[PDB]
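Before any questions on binding or motion, here is one chain by itself as structure tokens, the form deposited in one PDB entry.
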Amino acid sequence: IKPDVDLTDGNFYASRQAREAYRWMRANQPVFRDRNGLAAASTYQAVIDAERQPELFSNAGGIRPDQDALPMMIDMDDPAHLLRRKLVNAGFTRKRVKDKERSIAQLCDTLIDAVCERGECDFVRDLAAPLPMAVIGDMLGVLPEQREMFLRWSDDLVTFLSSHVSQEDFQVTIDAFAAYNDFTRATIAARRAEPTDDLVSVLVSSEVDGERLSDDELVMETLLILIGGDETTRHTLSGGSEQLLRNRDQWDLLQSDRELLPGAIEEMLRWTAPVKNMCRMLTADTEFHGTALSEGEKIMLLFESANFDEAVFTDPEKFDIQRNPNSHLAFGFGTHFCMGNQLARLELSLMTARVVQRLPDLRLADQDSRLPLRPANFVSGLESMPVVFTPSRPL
């Protein structure tokens, strides 16, 4: 009953049998090797054990499979990593994210205002995807009318990450990066001459051990912040809201008592796990949870598998917004623990609260059909989500 899986095949993460493959992994081979020999930490304990040893499980070989390291902080180890983190993390603390609550809240109602009179919308296209793009776009200095453009580039950069990608879809990826690279490098120059307060200008004026960053790194550190912002939270928003709709009792709980929202957000994060994996590179041969790992090979941290680990969670296949503690690993753990985790939790809190309040009779358009997941091996979620609701007036 061993699953036949290629953990770099995007089709695996779009199939609804992925979690049954995870369950076999956790019970039979905690450090799993897929049909091509790729190692993966499948249990909560194995993921945590690897995260706690960056000296042995390094990021400096790149976070993706079949992909060399890039000049971004997530592909670095300390000290180099933490020097980069400290340059841009000031605005991402819990307190500094709270100062954005007012502006994030109005972006939410602006987006709901645009569909609330129609009685129908695509939850992904019209609500889930545009919120975080506007939030991180504002922090990156992206003009509001340039938001769909950056979202389109972002989609093209992550949608076709798969071991079985066609040469043409791969062309879409390198095209999107080239277009993103041209735009950003012109923005590099404008921020050099005329500095601003956006994160790009903070990056341009930064120095590490006395020297400024290269344009190659500046372009990639900006892209890391962009994709982290606009290709992650959107999937918890849509997938988590789907679970509230497929389990109406949870949706009813949240309206009857809005104080349950923070717990609902944590369960949406655990369930959806938008970042399906991150790679680590072994710096030496080791024995890890009974599996022999060789120096130089990559191992995937399977965050969704860890989030449904029965050794940690009671009844992990139940969607339960009252789960507490909910020590999920959607944001990872350790050195590279998500820098935007507080920002994503506030985006989720505010948009969900207004969906529940302003679209109170929300339901899926077709409860009997299943919504398609994105067949990619890095970030993945609902491709679309047609919903219907009783129309109301904008604010």
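Numbering starts at 1 and follows the sequence shown. If you superpose the two forms and keep the largest set of C-alpha atoms that fall within 1.5 Å, you have the rigid core.
key: Mean C-alpha temperature factor, higher of 260-268 and 199-207   = The stretch with the larger average C-alpha B-factor is 199-207.
query = Out of 95-103 and 270-278, which one has CA B-factors that are higher on average in the deposited record?
reply = Between 95-103 and 270-278, it is 95-103.
Residue with highest C-alpha B-factor in the PDB entry, from 361, 49, 34, 347 = Within the set 361, 49, 34, 347, 361 shows the top C-alpha B-factor.
ask   = Going by the deposited entry, which of 145, 78, 317, 231 has the highest CA temperature factor?
value = When the deposited C-alpha B-factors of 145, 78, 317, 231 are compared, 145 is largest.
ask   = What third of the chain, by the recorded C-alpha B-factor, contains residue 370?
value = Highest third of the chain for residue 370's C-alpha B-factor.
Third of the chain, ranked by Cα B-factor, where residue 377 sits = Residue 377: CA B-factor falls in the middle third of its chain.
inquiry  = Among the modelled residues of this chain, does the Cα B factor of residue 127 put it in the lowest, middle or highest third?
reply    = Within its chain, residue 127 is a middle-third residue by C-alpha B-factor, going by the deposited values.
message = Using the temperature factors of the C-alpha atoms in this entry, rank residue 220 within its chain: lowest, middle or highest third.
response = Middle third.
request  = Place residue 243 in the lowest, middle or highest third of its chain's C-alpha B-factors, as listed in the PDB entry.
outcome  = As the PDB entry reports it, the C-alpha B-factor of residue 243 lands in the lowest third of its chain.
From this point on, the text means the form deposited in another entry, which you will not see here.
key: Residue from 310, 285, 197, 317 whose Cα, after superposing the rigid core, lies 2 Å or more away between this form and the one not shown   = None of the others reach 2 Å, which leaves 197.
Cα displacement of residue 117 between this form and the one not shown reaching 2 Å, rigid core superposed = It does not, since the residue 117 C-alpha is displaced less than 2 Å between this form and the one not shown after the core fit.
query = Comparing between this form and the one not shown on the rigid core: C-alpha of residue 156 shifted by 2 Å or more?
reply = Comparing the forms between this form and the one not shown, which are aligned on their rigid core, residue 156 does shift its C-alpha by 2 Å or more.
task = Note yes or no: does the Cα of residue 271 move by 2 Å or more between this form and the one not shown after the core is superposed?
result = The answer is no, as the C-alpha of residue 271 shifts between this form and the one not shown by less than 2 Å after core alignment.
query = Between residue 26 and residue 160, do the C-alpha atoms lie closer or farther in the other form than in the shown form, with a difference of 3 angstroms or more?
reply = It is farther: the C-alpha separation of residue 26 and residue 160 rises by at least 3 Å in the other form.
request  = Relative to what we see here, could you say if residue 226 and residue 160 have their Cα atoms closer or farther apart in the other form, with a change of 3 Å or more?
outcome  = Their C-alpha distance shrinks by at least 3 Å in the other form.
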